[PDB]
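The structure under discussion appears below in the form of structure tokens.
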Amino acid sequence: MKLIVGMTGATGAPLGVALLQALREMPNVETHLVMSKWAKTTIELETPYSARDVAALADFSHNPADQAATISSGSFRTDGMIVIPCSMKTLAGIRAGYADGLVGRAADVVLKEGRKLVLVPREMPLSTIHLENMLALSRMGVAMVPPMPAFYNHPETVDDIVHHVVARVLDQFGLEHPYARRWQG
Amino acid sequence: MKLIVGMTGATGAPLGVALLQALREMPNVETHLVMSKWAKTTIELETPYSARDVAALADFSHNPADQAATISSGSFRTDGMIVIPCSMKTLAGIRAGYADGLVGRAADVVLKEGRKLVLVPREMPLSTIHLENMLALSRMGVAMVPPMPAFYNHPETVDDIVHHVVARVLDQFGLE
Amino acid sequence: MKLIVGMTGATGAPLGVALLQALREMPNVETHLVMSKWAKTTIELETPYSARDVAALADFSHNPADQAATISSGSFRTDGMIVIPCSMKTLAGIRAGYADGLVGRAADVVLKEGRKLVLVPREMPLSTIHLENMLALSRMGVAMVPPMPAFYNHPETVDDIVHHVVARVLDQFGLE
Amino acid sequence: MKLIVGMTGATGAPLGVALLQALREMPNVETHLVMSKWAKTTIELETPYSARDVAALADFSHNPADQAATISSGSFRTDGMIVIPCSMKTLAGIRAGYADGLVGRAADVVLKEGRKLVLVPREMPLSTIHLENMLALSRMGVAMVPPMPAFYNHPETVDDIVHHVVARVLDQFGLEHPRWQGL
Amino acid sequence: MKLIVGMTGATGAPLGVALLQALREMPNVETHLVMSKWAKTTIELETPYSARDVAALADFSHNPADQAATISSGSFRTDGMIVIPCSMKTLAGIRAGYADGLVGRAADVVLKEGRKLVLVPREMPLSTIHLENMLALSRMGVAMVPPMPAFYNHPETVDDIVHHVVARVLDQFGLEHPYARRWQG
Amino acid sequence: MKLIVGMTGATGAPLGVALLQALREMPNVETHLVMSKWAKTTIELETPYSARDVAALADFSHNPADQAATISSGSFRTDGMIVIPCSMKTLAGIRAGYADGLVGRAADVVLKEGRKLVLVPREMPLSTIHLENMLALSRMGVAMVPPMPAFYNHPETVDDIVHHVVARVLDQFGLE
Amino acid sequence: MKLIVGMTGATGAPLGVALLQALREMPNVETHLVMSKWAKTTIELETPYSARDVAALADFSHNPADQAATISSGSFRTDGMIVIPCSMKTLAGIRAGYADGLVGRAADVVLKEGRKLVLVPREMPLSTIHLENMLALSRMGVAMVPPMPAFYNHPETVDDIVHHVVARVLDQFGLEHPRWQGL
Amino acid sequence: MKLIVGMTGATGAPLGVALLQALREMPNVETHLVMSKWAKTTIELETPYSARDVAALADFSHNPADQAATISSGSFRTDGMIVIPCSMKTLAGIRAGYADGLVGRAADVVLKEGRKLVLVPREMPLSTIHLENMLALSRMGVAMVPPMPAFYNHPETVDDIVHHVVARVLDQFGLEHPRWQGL
Amino acid sequence: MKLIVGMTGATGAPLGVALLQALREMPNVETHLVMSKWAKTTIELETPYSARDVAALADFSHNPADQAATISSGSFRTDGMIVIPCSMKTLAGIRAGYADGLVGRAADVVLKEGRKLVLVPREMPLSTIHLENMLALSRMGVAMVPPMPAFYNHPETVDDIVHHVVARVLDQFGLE
Ligand SMILES: Cc1cc2nc3c(=O)[nH]c(=O)nc-3n(C[C@H](O)[C@H](O)[C@H](O)COP(=O)(O)O)c2cc1C
Ligand SMILES: Cc1cc2nc3c(=O)[nH]c(=O)nc-3n(C[C@H](O)[C@H](O)[C@H](O)COP(=O)(O)O)c2cc1C
Ligand SMILES: Cc1cc2nc3c(=O)[nH]c(=O)nc-3n(C[C@H](O)[C@H](O)[C@H](O)COP(=O)(O)O)c2cc1C
Ligand SMILES: Cc1cc2nc3c(=O)[nH]c(=O)nc-3n(C[C@H](O)[C@H](O)[C@H](O)COP(=O)(O)O)c2cc1C
Ligand SMILES: Cc1cc2nc3c(=O)[nH]c(=O)nc-3n(C[C@H](O)[C@H](O)[C@H](O)COP(=O)(O)O)c2cc1C
Ligand SMILES: Cc1cc2nc3c(=O)[nH]c(=O)nc-3n(C[C@H](O)[C@H](O)[C@H](O)COP(=O)(O)O)c2cc1C
Ligand SMILES: Cc1cc2nc3c(=O)[nH]c(=O)nc-3n(C[C@H](O)[C@H](O)[C@H](O)COP(=O)(O)O)c2cc1C
Ligand SMILES: Cc1cc2nc3c(=O)[nH]c(=O)nc-3n(C[C@H](O)[C@H](O)[C@H](O)COP(=O)(O)O)c2cc1C
Ligand SMILES: Cc1cc2nc3c(=O)[nH]c(=O)nc-3n(C[C@H](O)[C@H](O)[C@H](O)COP(=O)(O)O)c2cc1C
């Protein structure tokens with residue numbers, strides 16, 4: 001299983017780091033990371049990790065301006081892509097198909113190859129434009145997994161919420177997060 | 001100021017309790033609470049409070065089946081409504097106009113009177129139907145304020161995230 | 001009052017410079033300027049001023065690449081935004097939501113927060129694409145105030161036409 | 001070349017007058033003028049000219065209520081039409097196809113024959129209805145040429161703006177008015 | 001507060017007269033009336049007032065063919081417009097934007113300036129065209145306030161129904177009709 | 001039977017005159033004629049008749065400006081309406097609902113009451129706008145019976161073509 | 001000039017024949033004819049001519065089933081196409097893009113190359129499906145020219161109507177057939 | 001004739017080079033080239049030529065970031081534009097109207113002036129977003145000319161395919177490159 | 001594996017012949033060929049082969065008129081279908097659902113059963129109609145794999161271009 005992990009400059013960099021950490025604990029999974037310029041800023045602000053620390057969580061890390069990277073090619077097989085978190089700018093770019101950098105190009109390629117795209121859109125409030133773009137991509141089979149907190153499993157800390165979101169994102173690829181707190185009835 | 005607060009059976013009952021607690025501190029605000037049947041289950045499961053405790057946080061607590069409540073009529077003036085959290089079922093009913101209980105009727109009335117409606121939709125993932133319904137209501141000027149965690153202010157506890165969302169919902173009505 | 005003034009590389013930088021001069025005559029208004037890269041080219045070709053001169057007309061002048069500026073945050077309260085003049089490319093980015101820089105990000109934020117956005121779109125002719133984008137934004141309550149000459153008040157000079165457009169743009173925020 | 005020129009009651013009668021003057025200097029262009037009722041009001045308020053003065057600038061002048069004029073039939077060949085300036089009411093009538101007078105009829109005819117219609121829409125602000133109407137006609141190949149002032153060529157007077165607008169309108173028919181290059 | 005009051009040739013002229021009467025009793029409110037040709041006919045048929053009697057209820061009255069009236073200009077500030085009753089022809093004109101007379105022009109101007117437009121559409125049955133036009137304008141924020149009778153407050157006379165409609169129309173401008181019979185529970 | 005016959009200023013007044021002559025041969029049919037201003041021009045250019053002659057072919061001839069005529073009321077029962085011929089402008093007014101005169105008002109009323117409307121649209125070529133308007137009305141059950149020549153029955157004269165169109169128009173109301 | 005002329009099984013074979021005769025009088029126009037199967041039936045029933053007679057009126061006559069004809073490729077340059085008259089079935093095939101025979105293929109080719117397609121649609125009444133199909137092609141710049149009789153020029157015979165229709169069809173290609181003025 | 005030629009970072013730089021060479025053989029055609037950043041990468045990887053070599057094939061070469069170039073204004077008359085090959089990113093930018101660089105701007109200008117835009121879209125497979133974008137521009141009269149190989153004329157080399165594509169692109173402007181007939 | 005391979009009369013019969021040759025090198029794949037009437041013309045003009053030669057490349061070759069063939073039944077399990085090359089007319093028939101022959105019927109069945117359909121659409125230029133039909137089918141999950149030349153791997157011959165297209169078509173079914 002080869003997964004692309006795009007990270008983007010929406011607040012919620014801890015979500016990306018945690019997903020990358022959980023992926024690192026699965027040996028059957030090769031990860032290709034692309035951090036946008038603004039994701040690097042957000043990682044540094046919101047987590048104790050640097051961008052290089054996060055890059056080291058992945059098997060491969062590609063430059064966001066590098067349209068000649070492996071994952072820019074359709075013939076280079078992957079099982080899909082997660083953008084976490086996904087900003088409104090990146091969301092809008094993917095919907096329009098304006099593949100100006102590698103996050104956008106890798107996403108455009110994933111879609112043309114029929115591979116799974118999972119977005120973790122984060123913004124509040126959501127406007128009509130945000131919702132239009134989300135719907136357009138949803139109709140195409142793109143999974144929309146905003147980081148909405150669950151309270152039924154009695155979370156206490158931010159980590160509790162992050163890990164639940166990560167588990168529910170991973171569900172999209174039939175992957176089992178080993179600390180998921182699921183509904184029992 | 002008169003505000004309708006709808007509570008609904010989406011996970012996130014602490015979101016609604018906290019908004020009610022904040023509003024309680026504002027004497028200038030008259031609150032009209034409508035807890036759905038499933039919001040009572042979610043409150044009692046996810047909070048240390050009972051439905052009756054939450055009811056006591058509001059100036060009025062209308063029965064979710066009472067289509068004869070003051071707020072069911074457009075002639076009764078309010079400043080608008082918040083549904084927090086808002087389930088996909090309730091969202092869908094509002095979009096369709098299928099006003100079969102008081103949460104749905106109050107919302108339909110708010111919309112027909114040109115009053116402010118603010119929804120706190122909570123579901124994950126969001127499907128095509130959810131997004132269709134959300135989009136259609138957004139085009140009508142309904143505020144969509146999902147409980148999206150912000151990390152730029154370095155939250156530590158669930159209370160931190162809850163506090164942030166409530167502050168932003170309050171913002172929709174110029175409240176601090 | 002807090003107003004964001006975006007300047008964009010459409011011909012008509014004198015419209016933007018004149019608006020900022022008129023705002024500087026109002027001591028109660030805090031102005032946040034964002035000049036695009038091409039707006040600087042246009043200012044220097046069409047006005048007596050340099051980019052620095054125009055920057056000095058506003059309380060703040062943010063870098064058009066700086067997505068961390070105050071006005072990129074929703075929680076930072078403003079009374080809205082004017083893009084004057086507004087090129088088709090900027091208009092297109094806003095309609096699409098492709099918030100690549102601060103003009104785009106500030107606009108996207110103004111819209112999500114339900115604040116007032118006023119665009120001064122300048123292009124001739126207007127293509128199908130231009131009108132599509134204008135129509136979509138208009139349905140959302142975005143004011144479209146193109147710099148259309150009025151001849152009923154018998155203008156004589158360019159300044160007369162400029163002044164009239166500015167006053168009507170100002171009029172959107174109930175200003176004289 | 002045969003061109004229909006419609007004038008309409010939006011502010012900007014000076015734009016229509018200057019177009020007719022520019023077309024008057026071109027011998028192998030036959031102009032057919034239709035001034036709307038409210039255009040006469042706008043001409044007289046905004047220019048030093050009377051209605052008859054403006055009518056004299058064109059080869060033919062047709063009554064706005066005359067649905068039996070030459071230009072109201074598609075069998076009468078022309079090279080197209082300019083409405084300058086074009087009010088929101090006239091723009092809406094054309095979009096709807098409600099051809100109540102000659103301006104609407106001629107425009108409707110130009111469209112059905114597949115000839116070139118150029119509109120000079122003027123209103124501010126532009127509402128949702130305005131934009132909807134403009135977009136629907138744009139999709140049909142109707143040129144939308146609002147009188148948007150250019151500043152890159154350093155205008156000083158109203159005339160500078162008016163003549164530039166006229167030049168860019170004329171461009172639609174490949175006609176040269178007596179521009180951007182490098183920087 | 002400056003309000004434009006358009007009247008139109010749908011049955012229901014008593015609704016217009018009553019709204020104008022109620023407005024006359026509010027000194028903070030300047031009214032600009034435009035009666036269509038057919039409204040004049042309807043006023044004379046349905047009320048004991050003449051058109052001039054109704055004109056005298058307003059602070060200003062403009063000619064329906066007068067595209068040069070104050071209210072035809074956007075720069076002339078008003079707080080909005082009510083068309084009461086609003087015929088299907090007038091409704092259709094406003095939706096198409098075919099601003100052929102002053103009722104239509106003043107309405108078109110109100111919409112371009114972002115001011116409040118309140119329509120009191122009256123026709124029965126409603127056809128697909130009526131409904132299309134009503135919806136198009138509704139999506140733009142135009143208030144659709146058809147004169148539908150309420151029976152919960154136990155009306156007895158036509159006046160009872162007229163005054164309730166008028167009160168509910170006035171609600172659109174935050175104005176208080178002093179004889180409103182509101183729902184008490 | 002009560003039928004409204006609208007005449008409109010499209011070329012093809014002989015189609016309208018012939019329809020009225022054929023109806024006058026049916027003693028059970030009460031005809032309500034409304035000739036538009038331009039229909040009078042067309043009748044006088046294309047037929048041997050004057051406006052008065054054509055008016056005398058029907059039981060009633062209402063003034064095209066008279067919005068108070070019997071047929072302007074829905075409660076006044078009719079079996080429907082034919083517009084023959086129907087110009088694009090009249091077709092456009094009906095589709096838009098801009099019922100400025102009696103032809104338009106009578107049509108708008110026929111539609112709201114669910115009565116049968118038959119249009120004989122005449123124009124060549126048919127533009128996008130014309131087809132839009134025709135399609136919209138067609139979706140509502142409005143019959144579109146343009147005066148299309150049939151050559152299978154070997155016509156020789158204009159009257160043969162005219163007669164065939166009239167019979168097929170008549171056929172809409174199960175008439176011979 | 002190279003023009004494709006398609007004929008189709010709507011009533012109005014006399015319209016197609018008269019178009020070919022008018023084009024035959026024009027030396028610098030090369031006509032390519034495609035008669036549909038049902039058009040041959042309509043020609044023989046409605047005219048004094050046989051199928052071969054009509055084929056002789058054109059420079060080239062292609063089999064309606066021949067998808068290998070010159071006109072079935074976009075590399076073979078023409079100035080466009082007229083389908084006269086055009087049945088609802090053929091109109092629907094073109095709209096759908098279901099280019100089963102040469103009439104549909106040539107029309108599909110004309111469209112993809114951005115050349116001028118003119119249709120002479122004939123049916124009565126017109127249904128919702130007819131109008132939908134006509135509208136969709138109209139939006140793409142396809143001229144819709146139904147054979148609508150004009151009466152203002154005082155016709156007496158069927159020929160008068162036929163020749164006027166032909167003249168107005170030819171107008172689409174700027175060709176003059178051997179009209180409205182004033183009143 | 002004045003033609004804008006845009007080159008873009010889709011595979012198929014040989015297609016753009018061959019178009020410029022073919023246009024170079026035509027004296028009364030003035031070509032304005034705009035190579036995108038990624039097009040230079042594609043040229044160098046896929047051809048024996050450098051960026052400067054290709055720029056020398058055109059009369060004018062404009063920087064892709066230069067929004068002040070002659071071709072960025074509608075007052076500067078051209079006969080239209082070819083983007084060859086056209087990436088999905090550039091195709092999407094044009095459709096959206098997001099005219100961030102000169103390729104997008106010139107294309108946006110060509111469209112607003114009603115001049116002819118021809119795109120040579122290349123990607124495989126084509127996604128829903130690609131097709132949506134292509135369709136929206138097609139509706140506006142933008143020619144969509146993907147580099148689809150023909151086999152009926154029996155090609156042997158890559159050059160055979162390239163030159164046929166070029167010929168069919170040129171067809172859009174009525175230019176003859178130095179085809180199907182019968183069977 | 002069971003694969004349906006439709007061949008259609010677009011130029012590019014060498015693409016279809018090459019695909020069938022590549023499949024014949026895979027012993028686990030049962031191929032069901034349907035050559036259209038015009039595909040036979042194209043094969044004989046563009047390849048060294050006759051229709052019989054191409055038929056012999058597949059396990060089954062069904063008559064393009066035979067709506068009773070095995071693959072016309074949904075209950076007959078397959079892994080999907082490739083149309084290579086796919087003309088605009090065939091593409092149009094599939095999008096419309098006008099399943100007049102076996103290529104159309106087999107495709108309509110593949111879609112109703114939720115099996116994979118891969119079209120190799122070949123035409124230049126692509127008109128509005130072509131793109132409409134392609135877009136509609138694409139929204140349903142139909143893969144659009146037009147024979148687009150790739151120059152990054154430095155091809156020299158027609159066979160190089162052909163081979164690359166085939167491998168990417170194959171790639172849709174996870175084949176080499
Ligand atoms: C600290 C901070 C927080 C931000 N949070 C969000 C957010 O949650 N949602 C969003 O759409 N953009 C957010 N942005 C704005 C984006 O970072 C900006 O639009 C940027 O251009 C995104 O580019 P990228 O998607 O390529 O990373 C934030 C920016 C800053 C600096
Ligand atoms: C503990 C629990 C959590 C739930 N969370 C959600 C949720 O997050 N989003 C949602 O749409 N529905 C959620 N539901 C399901 C809704 O309660 C259910 O659709 C119900 O019909 C909603 O009715 P109501 O909106 O009137 O309260 C949840 C149910 C349970 C019991
Ligand atoms: C002098 C000159 C005049 C221009 N005028 C316009 C114009 O009026 N409308 C427009 O959309 N673009 C115009 N542009 C092109 C834009 O500058 C270009 O699209 C640029 O990318 C806009 O970027 P921005 O919106 O961030 O400023 C002009 C460019 C130049 C230099
Ligand atoms: C002097 C004055 C200025 C006007 N300016 C405009 C204008 O700028 N745009 C517009 O749409 N209408 C404008 N109008 C209103 C129109 O004249 C009015 O809608 C009229 O019905 C148009 O009719 P017409 O298009 O047949 O001329 C103006 C009216 C007056 C008297
Ligand atoms: C007495 C009478 C009652 C009418 N009632 C209505 C009605 O309720 N609804 C409607 O749309 N038109 C009604 N009309 C028809 C309109 O008056 C007619 O369409 C007229 O053209 C409207 O023009 P106006 O809107 O400019 O006044 C009525 C007409 C008459 C004479
Ligand atoms: C002799 C002549 C022939 C006309 N023929 C047509 C026609 O066939 N189709 C059309 O839409 N308008 C035609 N018109 C133009 C209309 O008469 C014009 O649009 C008029 O405003 C229609 O108004 P009415 O529908 O109320 O009669 C013709 C006009 C003249 C005088
Ligand atoms: C003599 C007769 C008259 C016909 N007239 C028409 C007609 O007016 N309009 C139409 O759409 N079809 C008409 N048809 C039916 C068509 O001929 C039939 O749909 C046929 O399949 C058309 O095929 P084609 O377009 O390939 O010629 C007529 C058929 C017959 C035999
Ligand atoms: C050699 C290689 C081949 C590429 N081929 C294509 C292609 O076939 N189609 C496409 O849309 N993008 C292709 N790309 C990706 C684009 O180059 C990338 O999206 C870039 O941002 C396009 O920018 P531009 O249109 O300004 O040149 C390719 C990239 C590389 C490095
Ligand atoms: C040699 C030649 C090449 C053709 N090339 C194409 C083409 O590339 N695209 C297309 O849509 N049709 C093409 N056709 C036309 C089709 O063969 C025609 O539309 C036929 O009806 C298709 O039917 P089918 O899809 O059942 O094979 C070509 C025809 C000939 C004979």
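Here's how to read the names in the structure tokens: chain A, B, ... by the order shown, residue numbers from 1 in each chain, ligand numbers from 1 in the order shown.
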
Write out as a tab-separated table a residue-level contact list of chain G versus ligand 6 with cut-off 12 Å: for each qualifying residue the closest pair of atoms and the distance in Å to one decimal, counting only C-alpha atoms and all ligand atoms, rows sorted by chain and residue number upward.
```
residue	atom	partner	partner_atom_place_in_ligand_line	distance
G:147	CA	ligand 6	8 (O)	11.9
G:148	CA	ligand 6	8 (O)	8.5
G:149	CA	ligand 6	8 (O)	8.8
G:150	CA	ligand 6	8 (O)	7.0
G:151	CA	ligand 6	1 (C)	8.1
G:152	CA	ligand 6	1 (C)	5.3
G:153	CA	ligand 6	1 (C)	8.6
G:154	CA	ligand 6	1 (C)	10.7
G:179	CA	ligand 6	1 (C)	10.7
G:180	CA	ligand 6	1 (C)	7.9
G:181	CA	ligand 6	1 (C)	9.6
G:182	CA	ligand 6	1 (C)	9.1
G:183	CA	ligand 6	31 (C)	8.0
```

Checklist line | Long-range neighbours of stretch 67-71 of chain G as a ChimeraX atom specification, 10 Å cut-off, only C-alpha atoms, 6 positions minimum in chain | finding: /G:3-4,32-34,61,77-78,99-107,109-110 /H:180-183 /I:9,38,41-42

Notebook entry, point to check: Given a cut-off of 8 Å, what residues near ligand 7 show up using only C-alpha atoms and all ligand atoms, put as JSON, numbers by chain?
Noted result: {"F": [150, 152], "G": [7, 8, 9, 10, 11, 12, 35, 36, 37, 38, 39, 41, 42, 45, 86, 87, 88, 89, 90, 91, 103, 121, 122, 123, 124]}

Next item on the list: Please identify the residues whose atoms come within 7 Å of ligand 2, using only C-alpha atoms and all ligand atoms, and report them as a PyMOL selection string.
Entry: (chain A and resi 150+152) or (chain B and resi 8-11+36-39+41-42+86-90+122-123)

Note to self: Could you list, as a PyMOL selection string, every residue within 8 Å of residue F:129, counting only C-alpha atoms and ignoring same-chain residues fewer than 6 positions away?
What the structure shows: chain D and resi 95-97

Item checked: 12 Å contact set for residue A:171, only C-alpha atoms, chain neighbours under 5 positions out, as a list in words -> residues 19, 82, 118, 143, 145, 164, 165, 166, 176, 177, 178, 180 and 182 of chain A; 124 and 125 of chain B

Any chance you could export the current selection's N, CA and C atoms as a PDB file, in the first residue's frame?
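Output file part.pdb is given in full below:
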```pdb
ATOM      1  N   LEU A  19      -1.432  11.525  12.042  1.00  0.00           N
ATOM      2  CA  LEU A  19      -1.720  10.558  10.985  1.00  0.00           C
ATOM      3  C   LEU A  19      -0.428   9.957  10.425  1.00  0.00           C
ATOM      4  N   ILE A  82      -4.300  11.407   0.982  1.00  0.00           N
ATOM      5  CA  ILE A  82      -4.997  12.128   2.044  1.00  0.00           C
ATOM      6  C   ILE A  82      -4.416  13.531   2.116  1.00  0.00           C
ATOM      7  N   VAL A 118      -8.940  11.451  -0.211  1.00  0.00           N
ATOM      8  CA  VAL A 118      -9.585  11.752   1.066  1.00  0.00           C
ATOM      9  C   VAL A 118      -9.126  13.127   1.539  1.00  0.00           C
ATOM     10  N   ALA A 143     -13.764  11.685  -0.639  1.00  0.00           N
ATOM     11  CA  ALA A 143     -14.212  11.629   0.751  1.00  0.00           C
ATOM     12  C   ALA A 143     -13.932  12.939   1.483  1.00  0.00           C
ATOM     13  N   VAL A 145     -13.709  14.490   4.963  1.00  0.00           N
ATOM     14  CA  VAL A 145     -13.593  14.100   6.371  1.00  0.00           C
ATOM     15  C   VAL A 145     -13.086  15.265   7.233  1.00  0.00           C
ATOM     16  N   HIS A 164      -8.975  10.355  17.464  1.00  0.00           N
ATOM     17  CA  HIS A 164     -10.255   9.883  16.979  1.00  0.00           C
ATOM     18  C   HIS A 164     -10.458  10.291  15.523  1.00  0.00           C
ATOM     19  N   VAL A 165     -10.111  11.537  15.200  1.00  0.00           N
ATOM     20  CA  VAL A 165     -10.199  12.040  13.831  1.00  0.00           C
ATOM     21  C   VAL A 165      -9.309  11.197  12.927  1.00  0.00           C
ATOM     22  N   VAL A 166      -8.055  11.016  13.338  1.00  0.00           N
ATOM     23  CA  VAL A 166      -7.083  10.220  12.592  1.00  0.00           C
ATOM     24  C   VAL A 166      -7.599   8.802  12.317  1.00  0.00           C
ATOM     25  N   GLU A 176      -6.582   0.071  10.448  1.00  0.00           N
ATOM     26  CA  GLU A 176      -6.996   0.045  11.846  1.00  0.00           C
ATOM     27  C   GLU A 176      -6.048   0.820  12.753  1.00  0.00           C
ATOM     28  N   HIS A 177      -6.516   1.966  13.233  1.00  0.00           N
ATOM     29  CA  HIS A 177      -5.820   2.723  14.269  1.00  0.00           C
ATOM     30  C   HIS A 177      -6.019   1.968  15.585  1.00  0.00           C
ATOM     31  N   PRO A 178      -4.922   1.623  16.258  1.00  0.00           N
ATOM     32  CA  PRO A 178      -4.976   0.726  17.420  1.00  0.00           C
ATOM     33  C   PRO A 178      -5.496   1.355  18.722  1.00  0.00           C
ATOM     34  N   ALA A 180      -8.536   3.432  18.571  1.00  0.00           N
ATOM     35  CA  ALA A 180      -9.849   3.958  18.196  1.00  0.00           C
ATOM     36  C   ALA A 180     -10.896   3.658  19.269  1.00  0.00           C
ATOM     37  N   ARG A 182     -14.557   3.407  19.476  1.00  0.00           N
ATOM     38  CA  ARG A 182     -15.740   3.292  18.627  1.00  0.00           C
ATOM     39  C   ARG A 182     -17.035   3.175  19.436  1.00  0.00           C
TER      40      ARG A 182
ATOM     41  N   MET B 124     -19.262  13.398  10.365  1.00  0.00           N
ATOM     42  CA  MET B 124     -17.978  13.107   9.750  1.00  0.00           C
ATOM     43  C   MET B 124     -17.942  11.614   9.364  1.00  0.00           C
ATOM     44  N   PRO B 125     -17.615  11.265   8.109  1.00  0.00           N
ATOM     45  CA  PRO B 125     -17.433  12.204   7.004  1.00  0.00           C
ATOM     46  C   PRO B 125     -18.733  12.879   6.610  1.00  0.00           C
TER      47      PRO B 125
END
```

Item checked: Nearby residues (only C-alpha atoms) at most 8 Å from residue F:65, same-chain spacing under 2 positions excluded, as a ChimeraX atom specification -> /F:63,67,101-102

Next item on the list: Would you list the residues that come within 7 Å of ligand 5? Count only C-alpha atoms and all ligand atoms and give the answer as a count of residues only.
Entry: 23

Checklist line | Those of chain H in DSSP strand (DSSP E or B), formatted as a ChimeraX atom specification | finding: /H:2-7,30-35,60-62,80-86,116-121,126,143-144,157

Checklist line | Test item: chain E residues at most 12 Å from chain C, counting only C-alpha atoms, as a list in words | finding: residues 68, 73, 74, 75, 76, 77, 111, 112, 113, 114, 115, 136, 137, 138, 139, 140 and 141 of chain E

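Interatomic distance, atom CA of residue I:60 against atom CA of residue I:5: 10.0 Å.
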
Check: DSSP says helix (DSSP H, G or I) for which residues of stretch 38-136 of chain F? Put them as a VMD selection string?
Finding: chain F and resid 38 to 46 51 to 55 70 to 72 88 to 96 102 to 112 128 to 136

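Note that the spacing between atom CA of residue G:145 and atom CA of residue G:118 amounts to 7.1 Å.
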